[PDB]
Every structure is written in structure tokens, then in C-alpha cells.
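Novice: Build me a structure from this.
(one chain, ligands or ions: 2)
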Amino acid sequence: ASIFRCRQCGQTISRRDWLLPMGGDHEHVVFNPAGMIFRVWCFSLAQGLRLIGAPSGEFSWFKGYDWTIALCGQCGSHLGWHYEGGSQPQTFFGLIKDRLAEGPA
Ligand SMILES: Nc1cccc2c1C(=O)N([C@H]1CCC(=O)NC1=O)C2=O
Ligand SMILES: [Zn+2]
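Specialist: Numbers count the residues shown, from 1 in each chain. Ligands and ions are numbered 1, 2, ... in the order given. There you are, the coordinates:
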């Protein structure tokens, strides 16, 4: 249980080693304006995604950061968001825990 894959298809996405304690905890539970609750795990790094469009600050869960939707690059499943434009770090990924599968490298 060291690498994270897309639950829907298997695409390699991230690694346990790349978890990022933002504000002291890698896990942040948040809601969007449609009321959907997400258990977001922050990662300093991820691969295998497709980052869609240009960034937006609207509704951002992380102060100082703008977001882009992050899809699985293989199957299109919405896996989370890429955050940029901030500070320490300038960028990171916020991925929806239950949309990944954990397993051996
Ligand atoms: N405006 C809408 C409308 C529908 C769904 C979402 C947003 C929205 O902003 N986010 C996220 C994007 C990422 C973020 O940081 N905050 C959000 O509320 C959504 O899931
Ligand atoms: Zn996928």
C-alpha cells in the first residue's frame, strides 16, 4: 500500500510518500456550493491526470490558491483539483480519497 491509482480504471496517480500536510494535516473535508462533501488528501505531486482549463480562485478551499479541475487522464473520472498561484508551496494537488485505490508499487 504505497501507490494510489484511479479507482475506475487503474491509471497511476500518486504515492503515499507524496502526501502533503497542508495546515498540519494532509486530510481536509470540504463542501462545494452544490453541497457535495469531499475528503480531500493533499499531495505535493501527482501524475496521470489531465488538468482542465485555466485556474480560478472562486470558492477556493485553500487560502491564496487558485484551482483547476483534475481528471483522470485515462478515464476522465473527476479525481480532484490542482492548486497554484499560492505560497509555500506555490502548487499542490487536492485529490478525493475515495476515488483512488491504494496498493503495491
Ligand atoms: N462553483 C462550483 C460549482 C459546482 C461545483 C464546484 C464549484 C466549485 O467551486 N467547486 C470546488 C472547486 C475547488 C475548490 O477549492 N472549491 C470548490 O468549491 C466545485 O466542486
Ligand atoms: Zn481513471
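
Novice: what about stretch 81-99, distance to the chain center?
Specialist: With CA atoms, centre = their mean, to the nearest Å as the basis, stretch 81-99 stands 6 Å off its chain's centre.

Novice: let me fix that: stretch 67-78
Specialist: 9 Å.

Novice: ditto for stretch 62-73
Specialist: 7 Å.

Novice: and the end-to-end length of that stretch?
Specialist: 24 Å (CA to CA, to the nearest Å).

Novice: Flag every residue of this protein that's near ligand 1.
Specialist: 32-34, 58-61, 67, 81 (CB under 6 Å from any ligand atom). Placement of C-beta: from N, CA and C, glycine included.

Novice: What about these, which one has the most neighbours?
Specialist: Highest neighbour count within the residues of the chain next to ligand 1, by other CB atoms under 10 Å: residue 81, with 27 neighbours.

Novice: thinking that one is in contact with residue 91, fair?
Specialist: No: with contact defined as CB atoms under 8 Å, residue 81 does not reach residue 91; the gap is 11.1 Å.

Novice: returning to that earlier point: could the residues of the chain next to ligand 1 go into CSV alongside secondary structure?
Specialist: Below are the residues of the chain next to ligand 1 laid out as CSV (DSSP: H, G, I helix; E, B strand; the rest coil):
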residue, secondary structure
32, coil
33, coil
34, coil
58, coil
59, coil
60, coil
61, coil
67, strand
81, strand
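
Novice: Name the nearest of those relative to residue 105.
Specialist: The shortest approach to residue 105 among the residues of the chain next to ligand 1 belongs to residue 81, at 24.9 Å (CB to CB).

Novice: list the contacts for that closest one?
Specialist: Applying CB atoms under 8 Å, 6 or more residues apart in numbering to residue 81 gives the contacts 67-70, 93-94.
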